[PDB]
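Engineer: Encoded as structure tokens, here's the structure I'll be asking about.
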Amino acid sequence: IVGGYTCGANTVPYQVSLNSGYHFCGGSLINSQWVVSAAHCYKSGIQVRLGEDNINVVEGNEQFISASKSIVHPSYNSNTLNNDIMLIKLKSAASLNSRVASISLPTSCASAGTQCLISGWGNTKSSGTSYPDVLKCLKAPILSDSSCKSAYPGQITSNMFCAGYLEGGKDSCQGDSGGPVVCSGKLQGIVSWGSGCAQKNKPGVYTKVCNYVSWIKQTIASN
Ligand SMILES: [Ca+2]
Numbered sequence: 024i025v026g027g028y029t030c031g032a033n034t035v036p037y038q039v040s041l042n043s044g045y046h047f048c049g050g051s052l053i054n055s056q057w058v059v060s061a062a063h064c065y066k067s068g069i070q071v072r073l074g075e076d077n078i079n080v081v082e083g084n085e086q087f088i089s090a091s092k093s094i095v096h097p098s099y100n101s102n103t104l105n106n107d108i109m110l111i112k113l114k115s116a117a118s119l120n121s122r123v124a125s126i127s128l129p130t131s132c133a134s135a136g137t138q139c140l141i142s143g144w145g146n147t148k149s150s151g152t153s154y155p156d157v158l159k160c161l162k163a164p165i166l167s168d169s170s171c172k173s174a175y176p177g178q179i180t181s182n183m184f185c186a187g188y189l190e191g192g193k194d195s196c197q198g199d200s201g202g203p204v205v206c207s208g209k210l211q212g213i214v215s216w217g218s219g220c221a222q223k224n225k226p227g228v229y230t231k232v233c234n235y236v237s238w239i240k241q242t243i244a245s246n
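Using full-length UniProt numbering, read the sequence shown as starting at 24 and increasing by one per residue.
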């Protein structure tokens, strides 16, 4: 997160860190046994880390649970990042408490101009490089589809939306991939892609979760 703020320990209780010997992507806890992330975050050998603030210190509220299965969306296209969404099933259920909690799936899609909360342990500069140890947060608005399409012509599908600031300075970044965009108490986006981070006229591009609720519910009901 570029241009954000320190969240506060366990104030984003649905945020997870995906670890494959090191933190590599975020995700969101949607019930006691399932996490949503980005398909471009796929790796073998994922451990899900819940209740994290400082990812480099064991502070006492963490739960570390290995993934039993990963399921990339059937229509994921790694070239275009269309359908950039993946489910991860935990080997054992998480214990839900004030520090570890699930986030609701949306019933309706979110509105342009809604201010959302984006969070992660990704890079905090442009191509300066500096990765934080504690969780960072950013408030950012949903941009109109026409502004999104103008910023990335020929690249935006109906399964993507843009959020952030056209002036630049505030954005998600590498390492925040797979993490949440929460608007009005619902998971509306997944950190997906962008040209650089926090560059002028290059806002963040997010997977549109409300287009995937049927797939998520059917997959959880069968696995
Ligand atoms: Ca920790």
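Just so you know, even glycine gets a beta-carbon here, dropped at the ideal spot from N, CA and C.
Just list the residues that DSSP pairs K172 with in beta bridges.
Structural biologist: Paired residue(s): none; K172 is not in a bridge.
Engineer: Going along the chain, which unbroken runs of the beta strand (DSSP E) with 3 or more residues stay wholly within the stretch 101-127?
Structural biologist: The stretch 101-127 contains these whole beta strand (DSSP E) runs: 109-113.
Engineer: Flag this pair as yes or no: are the beta carbons of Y28 and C160 separated by less than 8 Å?
Structural biologist: Taking 8 Å as the Cβ cut-off, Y28 and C160 qualify as a contacting pair.
Engineer: Any contact between the stretch 213-229 and the stretch 173-180? By contact I mean 3 or more CB pairs, one from each, below 8 Å.
Structural biologist: Touching, yes, given that three or more Cβ pairs across the two stretches are closer than 8 Å.
Engineer: Tell me, please, whether the CB atom of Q241 is closer than 8 Å to any CB atom in chain C?
Structural biologist: Included in the structure is just one protein chain, with no chain C present.
Engineer: I want to check one thing, is the minimum distance from the CB of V71 to the heavy atoms of ligand 1 below 7 Å?
Structural biologist: No, the beta carbon of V71 sits no closer than 7 Å to any heavy atom of ligand 1.
Engineer: Evaluate contact between the stretch 40-60 and the stretch 101-118, counting only Cβ atoms and requiring at least three cross-stretch pairs below 8 Å.
Structural biologist: Yes, the stretch 40-60 touches the stretch 101-118.
Engineer: Report, in whole angstroms, the separation of the C-beta atoms of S40 and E75, which I expect to be a contact under 8 Å.
Structural biologist: 5 Å between Cβ atoms; contact.
Engineer: With respect to 7 Å, is the separation between the Cβ of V80 and the closest non-hydrogen atom of ligand 1 below this value?
Structural biologist: Correct: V80 has its Cβ closer than 7 Å to ligand 1.
Engineer: Once you ignore the five residues that flank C206 on each side, which residues in its own chain have a CB closer than 6 Å to its CB?
Structural biologist: So the qualifying residues of the chain are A133, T137 and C139.
Engineer: Is it the case that the stretch 162-171 contacts the stretch 187-202, given that we only count it when at least three CB pairs across the two stretches are under 8 Å?
Structural biologist: Yes: the two stretches touch, three or more of their Cβ pairs being nearer than 8 Å.
Engineer: Below 8 Å on the Cβ atoms is my guess for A62 versus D107; work out the distance and round it to an integer in Å.
Structural biologist: At roughly 5 Å, the Cβ-Cβ gap stays under 8 Å, so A62 and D107 are in contact.
Engineer: For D199, verify whether its CB is less than 7 Å away from any heavy atom of ligand 1.
Structural biologist: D199 Cβ: outside cutoff for every heavy atom of ligand 1.
Engineer: Going residue by residue through the stretch 69-106, where are the continuous beta strand (DSSP E) segments of at least 3 residues, counting only ones entirely within it?
Structural biologist: For the stretch 69-106, whole beta strand (DSSP E) runs of length 3 or above, ordered along the chain, are 70-73 and 86-95.
Engineer: Shortest alpha-carbon distance to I243 belongs to which of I53, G31 and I69?
Structural biologist: The candidate whose alpha carbon is nearest that of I243 is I53.
Engineer: Return yes when at least one heavy atom of ligand 2 lies under 7 Å from the C-beta of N77, else no.
Structural biologist: Because ligand 2 does not appear in the structure shown, any question about it cannot be addressed here, the ligands present being ligand 1.
Engineer: Could you check where the beta strand (DSSP E) with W57 kicks off and where it finishes?
Structural biologist: Run containing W57: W57 to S60, per the beta strand (DSSP E) assignment.
Engineer: Rounded to whole angstroms, what is the Cα-Cα separation between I179 and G192?
Structural biologist: Straight-line Cα distance between these residues: approximately 22 Å.
Engineer: Just verifying my parser: in three-state terms, what is the DSSP assignment at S40?
Structural biologist: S40: strand per DSSP, three-state reduction.
Engineer: So the beta strand (DSSP E) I141 belongs to, where does it begin and stop?
Structural biologist: Looking at the DSSP string, the run of the beta strand (DSSP E) that includes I141 is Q138 to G143.
Engineer: Under a three-way DSSP split, which group does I24 fall into?
Structural biologist: Coil, per DSSP.
Engineer: If we ignore side chains and look at the alpha-carbon of each, how far apart do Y99 and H46 end up?
Structural biologist: Taking the straight line from one Cα to the other gives about 23 Å.
Engineer: Decide yes or no for the touch test of the stretch 208-215 against the stretch 223-231: beta carbon pairs closer than 8 Å, at least 3 of them.
Structural biologist: Contact holds: three or more Cβ-Cβ distances are below 8 Å.
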